[PDB]
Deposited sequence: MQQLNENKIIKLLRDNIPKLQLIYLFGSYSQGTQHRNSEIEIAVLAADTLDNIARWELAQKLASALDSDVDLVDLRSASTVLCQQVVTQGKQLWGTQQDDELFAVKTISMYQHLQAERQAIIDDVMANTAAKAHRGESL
């Protein structure tokens, strides 16, 4: 997978970019699944502009792409990026700040919601 092409396209199209992560199966090729990319910028991405940018990545990589805005993404998904993600760009300090905030929010979420998932998991 061409990580330099992913980095250049995101840097050229996202203002105040701070973090780029590869997560999902490609961070672990595998199959027909999407390439999953997470970005953190100083502002939240416009939802439609994010989707358009994902397809621009999709065209350049000749593969399905899912672009995730970490600043609007759920705590569960942020926890997944933090746990399995491969950082492609951004300082190491910004990655550690993002991890600490994410892991803390997730632990507090697990407390609030653990009766719900116990109930759903029979």
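Gaps in the model, given as deposited-sequence positions counted from residue 1:
Model skips 1-3, 32-33, 128-139 of the deposited chain.
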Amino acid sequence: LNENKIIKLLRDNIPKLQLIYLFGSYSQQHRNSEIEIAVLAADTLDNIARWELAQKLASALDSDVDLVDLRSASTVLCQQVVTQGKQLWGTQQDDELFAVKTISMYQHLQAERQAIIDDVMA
From here on, numbers count along this sequence of modelled residues.
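Residue, from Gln55, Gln87, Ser74, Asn32, that the PDB entry assigns the highest Cα B-factor
Checking the PDB record, the top C-alpha B-factor among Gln55, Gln87, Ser74, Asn32 is at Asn32.
Within this chain's modelled residues, let me know which third the CA B factor of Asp46 belongs to: lowest, middle or highest.
Top third by C-alpha B-factor.
Ranking every modelled residue in this chain by its Cα temperature factor as given in the entry, which third contains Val100?
Its C-alpha B-factor belongs to the lowest third of this chain's values.
Based on the entry's values, in what third of the chain does the Cα temperature factor of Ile7 lie: lowest, middle or highest?
Answer is middle: the recorded C-alpha B-factor places it there.
Can you tell me whether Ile20 has a C-alpha B-factor in the lowest, middle or highest third compared with the other modelled residues of the same chain?
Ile20: CA B-factor falls in the lowest third of its chain.
Which third, lowest, middle or highest, does the CA B-factor of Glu36 fall in along this chain?
It falls in the bottom third of the chain.
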